[PDB]
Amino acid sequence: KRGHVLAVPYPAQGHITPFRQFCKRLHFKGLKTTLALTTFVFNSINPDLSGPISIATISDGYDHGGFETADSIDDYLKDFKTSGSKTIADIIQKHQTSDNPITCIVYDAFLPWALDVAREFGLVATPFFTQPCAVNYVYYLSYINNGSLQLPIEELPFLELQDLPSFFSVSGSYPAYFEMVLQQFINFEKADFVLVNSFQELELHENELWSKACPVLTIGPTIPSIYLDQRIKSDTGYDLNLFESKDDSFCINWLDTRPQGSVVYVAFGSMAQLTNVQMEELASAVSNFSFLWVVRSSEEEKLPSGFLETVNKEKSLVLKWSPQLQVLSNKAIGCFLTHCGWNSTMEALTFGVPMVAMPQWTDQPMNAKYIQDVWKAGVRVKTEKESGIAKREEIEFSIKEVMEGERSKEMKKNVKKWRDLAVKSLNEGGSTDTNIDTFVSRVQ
């Protein structure tokens, strides 16, 4: 009971969730954990603190209003390095006289400066990669190549430019975030271990390639235990959400009154923003189906005029935020139109839901390529070359390809083999169970 992990996610939903889920595993194995949330995020969730994973607050420099009050992405990350470094040190020192001093920092790989804080205080330090081995390996190859990538990639020759992370195909876009994903590797060889939210059997080739460069420990998937290994009976869902929902049994009760495989689930995660015009094509494309579609509150104005008032309530429903785990487990879902965020993707693979892949940016085009051409668990929507955006007829056809055809009955078959592979990896003797045990052994 000696060790104590301070877990520091990037302050965004797709990072806090895998970090929190990992702390639940660690707790079940006997490791005390504290999750470090920025003050802005802490005051927006108003989390419940009567649980096994304690909360500390840190600062990113934007306590009052968070990321949106920052002038720019580069200012946000630079200020987060400054205030995050001091406030993480502040937590370490505050715990020094305690019963369990902090002994280890698990920090988002996006934040390599947290390793410097951990090393200053003599702690174990491990970066935690919330994206898959293939993506991280591609970034790693580019980092050692001075931030460039020339195709084809010898060890991954099937990758075309339209499949690389958006930073390589949209020249110059988001330079602060491109620098960030490259600099994940600035010091990661000096950490005690490198953690990845994937499982070895999902990406055998890429895990082994990347491990030659630096030993990594796959410790995923971070989907709650009740849906997979079922060894942690208290781990029943995602219980830190940055978004409010209508306390939705509303959503699951409704899915129950629908025929099996009949509903198209549409969601774009917590971050991705679609333009006026992209929302028009989408709204027209999906209205040919029975659909359950998450349109985040900030995105509603970009819906076509009078759209919310003309959805057939018998066949379709529009939500502000979904209990995505319960939706993807409900058998009313015939397919998942997704932005190919890594959590959504892994969730879809394990619940055996075939995908319509509609990536937008960052690592999402990589996940899309793997969904269609490596795992063969779905089809990618074709976007216009000159205008860049997927038109209504190409989205409707992609959904059809997954819902009905001969292509459809192949992708259902292949997508169901991943659940048991993950259950095996999480059960005793599994790949991921062994790696977690290795980490727990070092920490204490």
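When you see a residue number, it is the position in the sequence shown, counting from 1.
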request  = Averaging only over Cα atoms, indicate whether 297 to 305 or 263 to 271 has the higher B-factor in the PDB entry.
outcome  = 297 to 305
request  = Look over 314 to 322 and 106 to 114 in the entry and identify the one with the greater average Cα temperature factor.
outcome  = 314 to 322
task = Tell me, please, which of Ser234, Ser249, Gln360, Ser198 has the highest C-alpha B factor according to the deposited entry?
result = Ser249
ask   = Considering only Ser59, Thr383, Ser54, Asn43, which residue's Cα atom bears the greatest B-factor as recorded?
value = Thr383
query = Looking at the C-alpha B-factor of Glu280, is it in the lowest, middle or highest third of its chain?
reply = highest
task = Using the B-factor values recorded in the entry, state whether the Cα atom of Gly84 falls in the lowest, middle or highest third among the modelled residues of its chain.
result = lowest
key: Ranked against its chain, the third holding the CA B-factor of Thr126   = lowest
query = Considering only modelled residues of the same chain, in which third does the CA B-factor of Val170 rank: lowest, middle or highest?
reply = middle
ask   = C-alpha B factor of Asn427, ranked within the chain: lowest, middle or highest third?
value = highest
